[PDB]
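K.L.:
Enclosed are the sequence and the experimentally obtained structure.
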Amino acid sequence: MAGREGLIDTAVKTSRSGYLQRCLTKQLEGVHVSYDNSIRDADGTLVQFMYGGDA
DNA sequence: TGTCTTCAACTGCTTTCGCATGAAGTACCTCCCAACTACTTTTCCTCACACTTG
């Protein structure tokens, strides 16, 4: 019983992590470090003035 | 006259990447086709009757 229900959890976890990856990977892909060390999106809109606040 | 509230119907998604190996619909219709048997077809073959004879 335990071994099967383990194989079920093993076979379902990967479907709940693809949408977790892509759903915000679409959003932050534009998000990068400006040359001034500020985090701007590929739009240019500033997200953080420093990475984690320490660069 | 003006603004507000709930419910139900409607929208869009909910692992990735590849092998296999592609197959199969089907009603309505049929004209074509294959069949069994009989019937029909083209060339050829061979004999036969009457009037007259003597």
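P.N.:
Right, received. Where do you want to start? Numbering: from 1, shown residues only, chains lettered A, B, ... in the order given.

K.L.:
Now residue A:32: which helix or strand?
P.N.:
Here residue A:32, judged by DSSP states H and E, is contained in strand A:31-33.

K.L.:
right, is the longest helix along chain A up against DNA strand B?
P.N.:
In terms of residue count, the longest helix belonging to chain A (DSSP state H) is helix A:15-28. Yes - counting by C-beta under 7 Å from any atom of the strand, DNA strand B has neighbours in helix A:15-28: A:15, A:16, A:18, A:19, A:22. Bear in mind the C-beta positions are built from the backbone N, C-alpha and C, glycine included.

K.L.:
Including neighbour count, could those go into a markdown table?
P.N.:
Conversion of the residues of helix A:15-28 next to DNA strand B to a markdown table gives the following (neighbours: other C-beta atoms under 10 Å):
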| residue | neighbour count |
| --- | --- |
| A:15 | 8 |
| A:16 | 8 |
| A:18 | 9 |
| A:19 | 9 |
| A:22 | 10 |
